[PDB]
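Undergrad: Structure supplied as run-v9.pdb; contents: PDB, C-alpha atoms and all ligand atoms.
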```pdb
ATOM      1  CA  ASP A   9      10.643 -14.696  10.276  1.00  0.00           C
ATOM      2  CA  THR A  10       8.125 -13.343   7.687  1.00  0.00           C
ATOM      3  CA  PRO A  11       9.517  -9.789   7.375  1.00  0.00           C
ATOM      4  CA  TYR A  12       8.333  -8.994   3.814  1.00  0.00           C
ATOM      5  CA  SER A  13       4.721  -9.988   4.676  1.00  0.00           C
ATOM      6  CA  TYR A  14       4.935  -8.032   7.896  1.00  0.00           C
ATOM      7  CA  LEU A  15       6.184  -4.877   6.146  1.00  0.00           C
ATOM      8  CA  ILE A  16       3.584  -5.164   3.356  1.00  0.00           C
ATOM      9  CA  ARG A  17       0.710  -5.586   5.853  1.00  0.00           C
ATOM     10  CA  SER A  18       1.884  -2.763   8.091  1.00  0.00           C
ATOM     11  CA  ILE A  19       2.426  -0.261   5.305  1.00  0.00           C
ATOM     12  CA  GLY A  20      -0.890  -1.337   3.760  1.00  0.00           C
ATOM     13  CA  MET A  21      -2.592  -0.586   7.102  1.00  0.00           C
ATOM     14  CA  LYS A  22      -0.878   2.795   7.388  1.00  0.00           C
ATOM     15  CA  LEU A  23      -2.240   3.817   3.928  1.00  0.00           C
ATOM     16  CA  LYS A  24      -5.642   4.254   5.635  1.00  0.00           C
ATOM     17  CA  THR A  25      -4.778   6.354   8.707  1.00  0.00           C
ATOM     18  CA  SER A  26      -5.334   9.819   7.235  1.00  0.00           C
ATOM     19  CA  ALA A  27      -8.658   8.796   5.659  1.00  0.00           C
ATOM     20  CA  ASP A  28     -10.008   7.255   8.872  1.00  0.00           C
ATOM     21  CA  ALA A  29      -9.122  10.398  10.871  1.00  0.00           C
ATOM     22  CA  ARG A  30     -10.980  12.662   8.407  1.00  0.00           C
ATOM     23  CA  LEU A  31     -14.047  10.419   8.492  1.00  0.00           C
ATOM     24  CA  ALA A  32     -14.014  10.697  12.282  1.00  0.00           C
ATOM     25  CA  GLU A  33     -13.652  14.541  12.240  1.00  0.00           C
ATOM     26  CA  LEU A  34     -16.654  14.692   9.889  1.00  0.00           C
ATOM     27  CA  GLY A  35     -18.716  12.362  12.129  1.00  0.00           C
ATOM     28  CA  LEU A  36     -18.949   9.688   9.400  1.00  0.00           C
ATOM     29  CA  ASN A  37     -18.080   5.984   9.336  1.00  0.00           C
ATOM     30  CA  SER A  38     -16.532   3.876   6.539  1.00  0.00           C
ATOM     31  CA  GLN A  39     -19.973   2.594   5.440  1.00  0.00           C
ATOM     32  CA  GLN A  40     -21.213   6.164   5.013  1.00  0.00           C
ATOM     33  CA  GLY A  41     -18.163   7.253   3.019  1.00  0.00           C
ATOM     34  CA  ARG A  42     -18.354   4.194   0.761  1.00  0.00           C
ATOM     35  CA  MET A  43     -22.055   4.717   0.211  1.00  0.00           C
ATOM     36  CA  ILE A  44     -21.482   8.365  -0.807  1.00  0.00           C
ATOM     37  CA  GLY A  45     -18.678   7.149  -3.108  1.00  0.00           C
ATOM     38  CA  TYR A  46     -20.842   4.437  -4.630  1.00  0.00           C
ATOM     39  CA  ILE A  47     -23.699   6.862  -5.365  1.00  0.00           C
ATOM     40  CA  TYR A  48     -21.283   9.471  -6.813  1.00  0.00           C
ATOM     41  CA  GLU A  49     -19.866   6.789  -9.128  1.00  0.00           C
ATOM     42  CA  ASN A  50     -23.124   5.301 -10.371  1.00  0.00           C
ATOM     43  CA  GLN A  51     -25.745   8.067 -10.148  1.00  0.00           C
ATOM     44  CA  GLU A  52     -25.382   9.029 -13.847  1.00  0.00           C
ATOM     45  CA  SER A  53     -26.237   5.456 -14.905  1.00  0.00           C
ATOM     46  CA  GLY A  54     -28.955   5.683 -12.247  1.00  0.00           C
ATOM     47  CA  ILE A  55     -29.196   3.901  -8.894  1.00  0.00           C
ATOM     48  CA  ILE A  56     -32.201   3.156  -6.712  1.00  0.00           C
ATOM     49  CA  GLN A  57     -32.501   2.127  -3.023  1.00  0.00           C
ATOM     50  CA  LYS A  58     -32.770  -1.602  -3.974  1.00  0.00           C
ATOM     51  CA  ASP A  59     -29.353  -1.494  -5.744  1.00  0.00           C
ATOM     52  CA  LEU A  60     -27.645  -0.224  -2.580  1.00  0.00           C
ATOM     53  CA  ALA A  61     -29.238  -2.998  -0.505  1.00  0.00           C
ATOM     54  CA  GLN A  62     -27.597  -5.666  -2.714  1.00  0.00           C
ATOM     55  CA  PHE A  63     -24.101  -4.265  -3.435  1.00  0.00           C
ATOM     56  CA  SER A  70     -30.708  -0.051   7.511  1.00  0.00           C
ATOM     57  CA  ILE A  71     -29.961   1.746   4.248  1.00  0.00           C
ATOM     58  CA  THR A  72     -33.119   3.855   4.761  1.00  0.00           C
ATOM     59  CA  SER A  73     -31.823   5.318   8.037  1.00  0.00           C
ATOM     60  CA  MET A  74     -28.341   5.820   6.574  1.00  0.00           C
ATOM     61  CA  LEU A  75     -29.701   7.725   3.594  1.00  0.00           C
ATOM     62  CA  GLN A  76     -31.667   9.872   6.109  1.00  0.00           C
ATOM     63  CA  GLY A  77     -28.459  10.563   8.068  1.00  0.00           C
ATOM     64  CA  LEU A  78     -26.616  11.416   4.831  1.00  0.00           C
ATOM     65  CA  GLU A  79     -29.521  13.717   3.729  1.00  0.00           C
ATOM     66  CA  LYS A  80     -29.414  15.540   7.100  1.00  0.00           C
ATOM     67  CA  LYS A  81     -25.660  16.097   6.704  1.00  0.00           C
ATOM     68  CA  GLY A  82     -26.340  17.594   3.233  1.00  0.00           C
ATOM     69  CA  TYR A  83     -24.357  14.860   1.415  1.00  0.00           C
ATOM     70  CA  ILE A  84     -27.263  13.266  -0.473  1.00  0.00           C
ATOM     71  CA  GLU A  85     -30.276  14.835  -2.229  1.00  0.00           C
ATOM     72  CA  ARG A  86     -33.789  14.150  -0.910  1.00  0.00           C
ATOM     73  CA  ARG A  87     -36.175  12.474  -3.390  1.00  0.00           C
ATOM     74  CA  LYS A  96     -36.657   7.593  -7.873  1.00  0.00           C
ATOM     75  CA  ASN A  97     -32.908   7.790  -8.518  1.00  0.00           C
ATOM     76  CA  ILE A  98     -30.374   8.689  -5.802  1.00  0.00           C
ATOM     77  CA  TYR A  99     -27.896  11.568  -6.240  1.00  0.00           C
ATOM     78  CA  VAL A 100     -25.154  13.131  -4.164  1.00  0.00           C
ATOM     79  CA  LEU A 101     -25.326  16.886  -3.609  1.00  0.00           C
ATOM     80  CA  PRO A 102     -22.337  19.076  -4.463  1.00  0.00           C
ATOM     81  CA  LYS A 103     -21.175  18.662  -0.851  1.00  0.00           C
ATOM     82  CA  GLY A 104     -21.067  14.862  -1.475  1.00  0.00           C
ATOM     83  CA  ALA A 105     -19.088  15.218  -4.724  1.00  0.00           C
ATOM     84  CA  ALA A 106     -16.680  17.618  -2.944  1.00  0.00           C
ATOM     85  CA  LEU A 107     -16.173  14.966  -0.239  1.00  0.00           C
ATOM     86  CA  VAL A 108     -15.227  12.247  -2.778  1.00  0.00           C
ATOM     87  CA  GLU A 109     -12.710  14.679  -4.269  1.00  0.00           C
ATOM     88  CA  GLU A 110     -11.314  15.406  -0.792  1.00  0.00           C
ATOM     89  CA  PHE A 111     -10.729  11.736  -0.072  1.00  0.00           C
ATOM     90  CA  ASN A 112      -9.086  11.163  -3.425  1.00  0.00           C
ATOM     91  CA  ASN A 113      -6.662  13.944  -2.537  1.00  0.00           C
ATOM     92  CA  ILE A 114      -5.976  12.399   0.833  1.00  0.00           C
ATOM     93  CA  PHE A 115      -4.938   9.185  -0.985  1.00  0.00           C
ATOM     94  CA  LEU A 116      -2.716  11.252  -3.341  1.00  0.00           C
ATOM     95  CA  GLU A 117      -0.983  12.897  -0.350  1.00  0.00           C
ATOM     96  CA  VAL A 118      -0.423   9.481   1.255  1.00  0.00           C
ATOM     97  CA  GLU A 119       0.978   8.181  -2.056  1.00  0.00           C
ATOM     98  CA  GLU A 120       3.367  11.119  -2.229  1.00  0.00           C
ATOM     99  CA  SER A 121       4.543  10.428   1.347  1.00  0.00           C
ATOM    100  CA  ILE A 122       5.749   6.896   0.431  1.00  0.00           C
ATOM    101  CA  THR A 123       8.873   8.320  -1.178  1.00  0.00           C
ATOM    102  CA  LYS A 124       9.674  10.787   1.650  1.00  0.00           C
ATOM    103  CA  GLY A 125      12.421   8.596   3.145  1.00  0.00           C
ATOM    104  CA  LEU A 126      13.724   7.262  -0.132  1.00  0.00           C
ATOM    105  CA  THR A 127      16.486   8.317  -2.492  1.00  0.00           C
ATOM    106  CA  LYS A 128      15.887   8.725  -6.248  1.00  0.00           C
ATOM    107  CA  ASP A 129      17.260   5.232  -6.943  1.00  0.00           C
ATOM    108  CA  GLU A 130      15.102   3.704  -4.196  1.00  0.00           C
ATOM    109  CA  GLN A 131      12.015   5.354  -5.679  1.00  0.00           C
ATOM    110  CA  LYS A 132      12.623   3.760  -9.089  1.00  0.00           C
ATOM    111  CA  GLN A 133      13.635   0.357  -7.636  1.00  0.00           C
ATOM    112  CA  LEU A 134      10.520   0.210  -5.389  1.00  0.00           C
ATOM    113  CA  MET A 135       8.255   0.724  -8.414  1.00  0.00           C
ATOM    114  CA  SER A 136      10.109  -1.822 -10.567  1.00  0.00           C
ATOM    115  CA  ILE A 137      10.146  -4.408  -7.797  1.00  0.00           C
ATOM    116  CA  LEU A 138       6.558  -3.971  -6.704  1.00  0.00           C
ATOM    117  CA  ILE A 139       5.444  -4.376 -10.323  1.00  0.00           C
ATOM    118  CA  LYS A 140       7.465  -7.637 -10.544  1.00  0.00           C
ATOM    119  CA  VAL A 141       6.151  -8.950  -7.197  1.00  0.00           C
ATOM    120  CA  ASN A 142       2.555  -8.162  -8.137  1.00  0.00           C
ATOM    121  CA  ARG A 143       3.003  -9.796 -11.537  1.00  0.00           C
ATOM    122  CA  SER A 144       4.292 -13.030  -9.971  1.00  0.00           C
ATOM    123  CA  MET A 145       1.149 -13.824  -7.899  1.00  0.00           C
TER     124      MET A 145
ATOM    125  CA  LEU B   7      -7.504   2.401  -7.796  1.00  0.00           C
ATOM    126  CA  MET B   8      -4.482   2.842 -10.167  1.00  0.00           C
ATOM    127  CA  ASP B   9      -4.244   6.716  -9.669  1.00  0.00           C
ATOM    128  CA  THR B  10      -1.900   6.040  -6.710  1.00  0.00           C
ATOM    129  CA  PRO B  11       0.563   3.550  -8.185  1.00  0.00           C
ATOM    130  CA  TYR B  12       2.692   2.489  -5.177  1.00  0.00           C
ATOM    131  CA  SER B  13      -0.382   2.251  -2.936  1.00  0.00           C
ATOM    132  CA  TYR B  14      -2.216   0.204  -5.573  1.00  0.00           C
ATOM    133  CA  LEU B  15       0.586  -2.378  -5.704  1.00  0.00           C
ATOM    134  CA  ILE B  16       1.139  -2.494  -1.983  1.00  0.00           C
ATOM    135  CA  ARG B  17      -2.611  -3.180  -1.390  1.00  0.00           C
ATOM    136  CA  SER B  18      -2.876  -5.631  -4.311  1.00  0.00           C
ATOM    137  CA  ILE B  19       0.102  -7.629  -3.027  1.00  0.00           C
ATOM    138  CA  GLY B  20      -1.281  -7.409   0.558  1.00  0.00           C
ATOM    139  CA  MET B  21      -4.730  -8.590  -0.449  1.00  0.00           C
ATOM    140  CA  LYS B  22      -3.214 -11.448  -2.537  1.00  0.00           C
ATOM    141  CA  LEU B  23      -1.065 -12.622   0.412  1.00  0.00           C
ATOM    142  CA  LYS B  24      -3.988 -12.418   2.823  1.00  0.00           C
ATOM    143  CA  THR B  25      -6.290 -14.321   0.455  1.00  0.00           C
ATOM    144  CA  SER B  26      -3.671 -17.031   0.003  1.00  0.00           C
ATOM    145  CA  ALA B  27      -3.326 -17.236   3.836  1.00  0.00           C
ATOM    146  CA  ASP B  28      -6.987 -16.857   4.905  1.00  0.00           C
ATOM    147  CA  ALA B  29      -8.026 -19.625   2.492  1.00  0.00           C
ATOM    148  CA  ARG B  30      -5.319 -22.125   3.555  1.00  0.00           C
ATOM    149  CA  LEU B  31      -6.176 -21.522   7.220  1.00  0.00           C
ATOM    150  CA  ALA B  32      -9.987 -21.497   6.766  1.00  0.00           C
ATOM    151  CA  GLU B  33      -9.833 -25.105   5.587  1.00  0.00           C
ATOM    152  CA  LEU B  34      -8.487 -25.904   9.078  1.00  0.00           C
ATOM    153  CA  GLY B  35     -11.232 -23.918  10.838  1.00  0.00           C
ATOM    154  CA  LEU B  36      -8.504 -21.473  11.874  1.00  0.00           C
ATOM    155  CA  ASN B  37      -7.789 -17.841  11.152  1.00  0.00           C
ATOM    156  CA  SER B  38      -4.653 -15.739  11.130  1.00  0.00           C
ATOM    157  CA  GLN B  39      -5.446 -13.853  14.352  1.00  0.00           C
ATOM    158  CA  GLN B  40      -5.721 -17.140  16.317  1.00  0.00           C
ATOM    159  CA  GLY B  41      -2.439 -18.248  14.754  1.00  0.00           C
ATOM    160  CA  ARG B  42      -0.687 -15.026  15.699  1.00  0.00           C
ATOM    161  CA  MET B  43      -2.095 -15.272  19.239  1.00  0.00           C
ATOM    162  CA  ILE B  44      -1.005 -18.895  19.739  1.00  0.00           C
ATOM    163  CA  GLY B  45       2.437 -18.092  18.258  1.00  0.00           C
ATOM    164  CA  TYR B  46       2.869 -15.122  20.609  1.00  0.00           C
ATOM    165  CA  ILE B  47       1.897 -17.301  23.551  1.00  0.00           C
ATOM    166  CA  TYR B  48       4.274 -20.082  22.502  1.00  0.00           C
ATOM    167  CA  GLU B  49       7.181 -17.603  22.094  1.00  0.00           C
ATOM    168  CA  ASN B  50       6.681 -15.706  25.372  1.00  0.00           C
ATOM    169  CA  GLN B  51       5.074 -18.189  27.777  1.00  0.00           C
ATOM    170  CA  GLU B  52       8.276 -18.698  29.850  1.00  0.00           C
ATOM    171  CA  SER B  53       8.216 -14.931  30.548  1.00  0.00           C
ATOM    172  CA  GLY B  54       4.737 -15.263  32.052  1.00  0.00           C
ATOM    173  CA  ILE B  55       1.752 -14.225  29.919  1.00  0.00           C
ATOM    174  CA  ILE B  56      -1.553 -13.082  31.443  1.00  0.00           C
ATOM    175  CA  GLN B  57      -4.776 -12.209  29.607  1.00  0.00           C
ATOM    176  CA  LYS B  58      -4.017  -8.490  30.098  1.00  0.00           C
ATOM    177  CA  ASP B  59      -0.763  -8.716  28.024  1.00  0.00           C
ATOM    178  CA  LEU B  60      -2.716 -10.269  25.132  1.00  0.00           C
ATOM    179  CA  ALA B  61      -5.385  -7.485  25.209  1.00  0.00           C
ATOM    180  CA  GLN B  62      -2.651  -4.793  24.874  1.00  0.00           C
ATOM    181  CA  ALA B  69     -12.120  -9.902  17.420  1.00  0.00           C
ATOM    182  CA  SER B  70     -12.890 -10.692  21.078  1.00  0.00           C
ATOM    183  CA  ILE B  71      -9.729 -11.855  22.833  1.00  0.00           C
ATOM    184  CA  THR B  72     -11.693 -13.429  25.704  1.00  0.00           C
ATOM    185  CA  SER B  73     -13.705 -15.436  23.208  1.00  0.00           C
ATOM    186  CA  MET B  74     -10.660 -16.398  21.179  1.00  0.00           C
ATOM    187  CA  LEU B  75      -8.760 -17.572  24.299  1.00  0.00           C
ATOM    188  CA  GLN B  76     -11.746 -19.545  25.571  1.00  0.00           C
ATOM    189  CA  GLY B  77     -11.932 -21.160  22.102  1.00  0.00           C
ATOM    190  CA  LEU B  78      -8.228 -22.142  22.037  1.00  0.00           C
ATOM    191  CA  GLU B  79      -8.609 -23.481  25.588  1.00  0.00           C
ATOM    192  CA  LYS B  80     -11.778 -25.467  24.804  1.00  0.00           C
ATOM    193  CA  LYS B  81     -10.113 -27.090  21.812  1.00  0.00           C
ATOM    194  CA  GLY B  82      -7.153 -28.166  24.000  1.00  0.00           C
ATOM    195  CA  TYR B  83      -4.511 -25.853  22.468  1.00  0.00           C
ATOM    196  CA  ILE B  84      -3.730 -23.678  25.503  1.00  0.00           C
ATOM    197  CA  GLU B  85      -4.115 -23.892  29.281  1.00  0.00           C
ATOM    198  CA  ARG B  86      -3.950 -21.507  32.198  1.00  0.00           C
ATOM    199  CA  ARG B  87      -1.535 -22.549  34.916  1.00  0.00           C
ATOM    200  CA  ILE B  88      -1.249 -21.322  38.469  1.00  0.00           C
ATOM    201  CA  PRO B  89       2.392 -20.219  38.704  1.00  0.00           C
ATOM    202  CA  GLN B  95      -3.008 -14.180  38.117  1.00  0.00           C
ATOM    203  CA  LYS B  96      -2.798 -17.388  36.027  1.00  0.00           C
ATOM    204  CA  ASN B  97      -0.209 -17.674  33.217  1.00  0.00           C
ATOM    205  CA  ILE B  98      -1.191 -18.857  29.741  1.00  0.00           C
ATOM    206  CA  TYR B  99       0.768 -21.719  28.119  1.00  0.00           C
ATOM    207  CA  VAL B 100       0.483 -23.651  24.887  1.00  0.00           C
ATOM    208  CA  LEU B 101      -0.292 -27.340  25.285  1.00  0.00           C
ATOM    209  CA  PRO B 102       1.434 -29.905  22.974  1.00  0.00           C
ATOM    210  CA  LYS B 103      -1.532 -30.024  20.590  1.00  0.00           C
ATOM    211  CA  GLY B 104      -1.211 -26.213  20.370  1.00  0.00           C
ATOM    212  CA  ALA B 105       2.581 -26.363  19.801  1.00  0.00           C
ATOM    213  CA  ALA B 106       1.920 -28.742  16.839  1.00  0.00           C
ATOM    214  CA  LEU B 107      -0.692 -26.246  15.526  1.00  0.00           C
ATOM    215  CA  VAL B 108       1.725 -23.260  15.854  1.00  0.00           C
ATOM    216  CA  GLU B 109       4.054 -25.101  13.515  1.00  0.00           C
ATOM    217  CA  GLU B 110       1.386 -25.708  10.861  1.00  0.00           C
ATOM    218  CA  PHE B 111       0.386 -21.974  11.134  1.00  0.00           C
ATOM    219  CA  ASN B 112       4.027 -20.933  10.751  1.00  0.00           C
ATOM    220  CA  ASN B 113       4.556 -23.128   7.693  1.00  0.00           C
ATOM    221  CA  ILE B 114       1.577 -21.550   5.936  1.00  0.00           C
ATOM    222  CA  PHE B 115       2.940 -18.052   6.676  1.00  0.00           C
ATOM    223  CA  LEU B 116       6.397 -19.092   5.503  1.00  0.00           C
ATOM    224  CA  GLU B 117       5.122 -20.395   2.111  1.00  0.00           C
ATOM    225  CA  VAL B 118       3.215 -17.118   1.644  1.00  0.00           C
ATOM    226  CA  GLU B 119       6.376 -15.167   2.505  1.00  0.00           C
ATOM    227  CA  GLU B 120       8.361 -17.132  -0.060  1.00  0.00           C
ATOM    228  CA  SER B 121       5.807 -16.277  -2.757  1.00  0.00           C
ATOM    229  CA  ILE B 122       6.864 -12.616  -2.410  1.00  0.00           C
ATOM    230  CA  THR B 123      10.459 -13.302  -3.445  1.00  0.00           C
ATOM    231  CA  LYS B 124      10.049 -16.139  -6.037  1.00  0.00           C
ATOM    232  CA  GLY B 125      10.400 -13.829  -9.021  1.00  0.00           C
ATOM    233  CA  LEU B 126      13.203 -11.650  -7.605  1.00  0.00           C
ATOM    234  CA  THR B 127      17.006 -11.740  -7.912  1.00  0.00           C
ATOM    235  CA  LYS B 128      19.030 -11.730  -4.672  1.00  0.00           C
ATOM    236  CA  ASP B 129      19.819  -8.036  -5.282  1.00  0.00           C
ATOM    237  CA  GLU B 130      16.149  -7.163  -5.796  1.00  0.00           C
ATOM    238  CA  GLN B 131      15.319  -8.976  -2.528  1.00  0.00           C
ATOM    239  CA  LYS B 132      17.960  -6.964  -0.649  1.00  0.00           C
ATOM    240  CA  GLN B 133      16.764  -3.697  -2.196  1.00  0.00           C
ATOM    241  CA  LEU B 134      13.097  -4.452  -1.389  1.00  0.00           C
ATOM    242  CA  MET B 135      13.814  -5.250   2.268  1.00  0.00           C
ATOM    243  CA  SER B 136      15.861  -2.130   2.740  1.00  0.00           C
ATOM    244  CA  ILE B 137      13.311   0.115   1.053  1.00  0.00           C
ATOM    245  CA  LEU B 138      10.233  -1.350   2.767  1.00  0.00           C
ATOM    246  CA  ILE B 139      11.897  -0.882   6.169  1.00  0.00           C
ATOM    247  CA  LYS B 140      12.462   2.785   5.281  1.00  0.00           C
ATOM    248  CA  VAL B 141       8.934   3.324   3.974  1.00  0.00           C
ATOM    249  CA  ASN B 142       7.344   1.680   7.018  1.00  0.00           C
ATOM    250  CA  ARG B 143       9.562   3.764   9.389  1.00  0.00           C
ATOM    251  CA  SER B 144       8.667   7.012   7.624  1.00  0.00           C
ATOM    252  CA  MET B 145       4.919   6.715   8.239  1.00  0.00           C
TER     253      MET B 145
HETATM  254  K     K C   1      12.721  11.585  -0.702  1.00  0.00           K
END
```
Show me this structure written as structure tokens.
Ligand SMILES: [K+]

TA:
Amino acid sequence: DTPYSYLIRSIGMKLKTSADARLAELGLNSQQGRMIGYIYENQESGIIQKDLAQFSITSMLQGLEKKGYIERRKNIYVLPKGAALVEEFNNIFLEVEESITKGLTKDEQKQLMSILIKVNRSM
Amino acid sequence: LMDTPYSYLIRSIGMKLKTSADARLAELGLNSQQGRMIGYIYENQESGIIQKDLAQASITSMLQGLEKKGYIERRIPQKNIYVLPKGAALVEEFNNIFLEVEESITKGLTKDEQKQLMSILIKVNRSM
């Protein structure tokens, strides 16, 4: 009896499947991926260990250093391997996005975009 | 987040619905998983529900909590789980919250847009 909410939740959950599988193949968790992402995003501005505590973190950074994702040290920087990973995950999300229209006709593709915009605007 | 436009909107709408719902439930010291669980029990109890069927957040803890608060009981027909009247009243308040959230999805849409959205979302969900 709440079919729109059910479909929105379920599709929303499926948007994450490919990313979770890659994290697992790489031996990383969601906290590690996000941390690498956060550092990649903010390292030019400059980020220190305190900043990551407020947005252990010591042991995680050590794990990420051992995997060659983060530079050993003071500001924190991802290594090229870390930047490459962020790019990889972005591309995963692009492939998932492209899959949304797989089962849809041209008209359905346009209508979905128009309607989702309207729904999102209304709440 | 806006580099993947459909995904952006789907998650934005999802997160807005969930925030609406989590907040309206939280005031009642409830959460959506408890509501779903009680609802499932209420709907299927005459079929015979055991803890195993619910397994397939700690389920044992959540069931003990619902039982301690007087919402469900375990009856000797493995014991079967049933909603008590206080729990049936609570299912209805849960359901009404979910129904108002559902209606917020379609407020701004024509009947045709509602029909198109249902049809399309079924297809998208099937395809992945
Ligand atoms: K297609």

Undergrad: Name the closest residue to chain A among the candidates B:118, B:101, B:32, B:60; distances are taken between atoms, counting all atoms listed in the file.

TA: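 Using all atoms listed in the file, chain A sits closest to B:118.
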
Undergrad: Would you list the residues that come within 12 Å of ligand K 1 (chain C)? Count only C-alpha atoms and all ligand atoms and give the answer as a list in words.

TA: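 Selection of residues at most 12 Å from ligand K 1 (chain C): residues 120, 121, 122, 123, 124, 125, 126, 127, 128, 129, 130, 131 and 132 of chain A; 137, 140, 141 and 144 of chain B.
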
Undergrad: With C-alpha atoms retained, could you export that selection as a PDB file, keeping the file's coordinate frame?

TA:
```
ATOM      1  CA  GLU A 120       3.367  11.119  -2.229  1.00  0.00           C
ATOM      2  CA  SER A 121       4.543  10.428   1.347  1.00  0.00           C
ATOM      3  CA  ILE A 122       5.749   6.896   0.431  1.00  0.00           C
ATOM      4  CA  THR A 123       8.873   8.320  -1.178  1.00  0.00           C
ATOM      5  CA  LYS A 124       9.674  10.787   1.650  1.00  0.00           C
ATOM      6  CA  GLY A 125      12.421   8.596   3.145  1.00  0.00           C
ATOM      7  CA  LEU A 126      13.724   7.262  -0.132  1.00  0.00           C
ATOM      8  CA  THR A 127      16.486   8.317  -2.492  1.00  0.00           C
ATOM      9  CA  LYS A 128      15.887   8.725  -6.248  1.00  0.00           C
ATOM     10  CA  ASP A 129      17.260   5.232  -6.943  1.00  0.00           C
ATOM     11  CA  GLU A 130      15.102   3.704  -4.196  1.00  0.00           C
ATOM     12  CA  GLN A 131      12.015   5.354  -5.679  1.00  0.00           C
ATOM     13  CA  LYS A 132      12.623   3.760  -9.089  1.00  0.00           C
TER      14      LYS A 132
ATOM     15  CA  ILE B 137      13.311   0.115   1.053  1.00  0.00           C
ATOM     16  CA  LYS B 140      12.462   2.785   5.281  1.00  0.00           C
ATOM     17  CA  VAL B 141       8.934   3.324   3.974  1.00  0.00           C
ATOM     18  CA  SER B 144       8.667   7.012   7.624  1.00  0.00           C
TER      19      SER B 144
END
```

Undergrad: To one decimal place, how far is atom CA of residue 118 of chain A from atom CA of residue 135 of chain B in Å?

TA: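 So the two atoms, atom CA of residue 118 of chain A and atom CA of residue 135 of chain B, lie 20.5 Å apart.
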
Undergrad: Give the residues of chain A that lie within 12 Å of chain B; count only C-alpha atoms, and format the answer as a ChimeraX atom specification.

TA: /A:9-26,112-145

Undergrad: Quick one: which residues end up in the PyMOL selection byres (((chain B and resi 95) around 9) and not hetatm) for this structure, as a short mmCIF file (atom, residue, chain, number, x, y, z; two decimals) with C-alpha atoms, in the frame of the given file?

TA:
```cif
data_model
loop_
_atom_site.label_atom_id
_atom_site.label_comp_id
_atom_site.auth_asym_id
_atom_site.auth_seq_id
_atom_site.Cartn_x
_atom_site.Cartn_y
_atom_site.Cartn_z
CA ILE B 56 -1.55 -13.08 31.44
CA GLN B 57 -4.78 -12.21 29.61
CA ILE B 88 -1.25 -21.32 38.47
CA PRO B 89 2.39 -20.22 38.70
CA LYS B 96 -2.80 -17.39 36.03
CA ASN B 97 -0.21 -17.67 33.22
#
```

Undergrad: Selected by the PyMOL selection byres (((chain B and resi 52) around 12) and not hetatm) in the shown coordinates: which residues, as a PyMOL selection string?

TA: chain B and resi 46-51+53-56+87+89+97-100

Undergrad: Kindly output segment 127-138 of chain B as an mmCIF file, in the frame of the given file, after building N, CA and C atoms.

TA:
```
data_model
loop_
_atom_site.group_PDB
_atom_site.id
_atom_site.type_symbol
_atom_site.label_atom_id
_atom_site.label_comp_id
_atom_site.auth_asym_id
_atom_site.auth_seq_id
_atom_site.Cartn_x
_atom_site.Cartn_y
_atom_site.Cartn_z
ATOM 1 N N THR B 127 15.576 -11.483 -8.113
ATOM 2 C CA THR B 127 17.006 -11.740 -7.912
ATOM 3 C C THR B 127 17.385 -11.479 -6.450
ATOM 4 N N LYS B 128 18.509 -12.044 -6.005
ATOM 5 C CA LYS B 128 19.030 -11.730 -4.672
ATOM 6 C C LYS B 128 19.202 -10.205 -4.451
ATOM 7 N N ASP B 129 19.647 -9.469 -5.460
ATOM 8 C CA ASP B 129 19.819 -8.036 -5.282
ATOM 9 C C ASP B 129 18.464 -7.320 -5.105
ATOM 10 N N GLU B 130 17.490 -7.713 -5.904
ATOM 11 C CA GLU B 130 16.149 -7.163 -5.796
ATOM 12 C C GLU B 130 15.542 -7.454 -4.414
ATOM 13 N N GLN B 131 15.784 -8.635 -3.883
ATOM 14 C CA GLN B 131 15.319 -8.976 -2.528
ATOM 15 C C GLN B 131 15.951 -8.084 -1.442
ATOM 16 N N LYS B 132 17.228 -7.803 -1.595
ATOM 17 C CA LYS B 132 17.960 -6.964 -0.649
ATOM 18 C C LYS B 132 17.460 -5.508 -0.773
ATOM 19 N N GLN B 133 17.295 -5.046 -1.997
ATOM 20 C CA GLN B 133 16.764 -3.697 -2.196
ATOM 21 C C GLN B 133 15.355 -3.561 -1.622
ATOM 22 N N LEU B 134 14.483 -4.541 -1.854
ATOM 23 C CA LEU B 134 13.097 -4.452 -1.389
ATOM 24 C C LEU B 134 13.024 -4.407 0.141
ATOM 25 N N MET B 135 13.828 -5.221 0.800
ATOM 26 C CA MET B 135 13.814 -5.250 2.268
ATOM 27 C C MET B 135 14.223 -3.898 2.807
ATOM 28 N N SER B 136 15.321 -3.387 2.286
ATOM 29 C CA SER B 136 15.861 -2.130 2.740
ATOM 30 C C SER B 136 14.871 -0.975 2.552
ATOM 31 N N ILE B 137 14.256 -0.918 1.378
ATOM 32 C CA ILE B 137 13.311 0.115 1.053
ATOM 33 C C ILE B 137 12.021 0.007 1.890
ATOM 34 N N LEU B 138 11.474 -1.192 2.021
ATOM 35 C CA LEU B 138 10.233 -1.350 2.767
ATOM 36 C C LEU B 138 10.436 -0.990 4.255
#
```
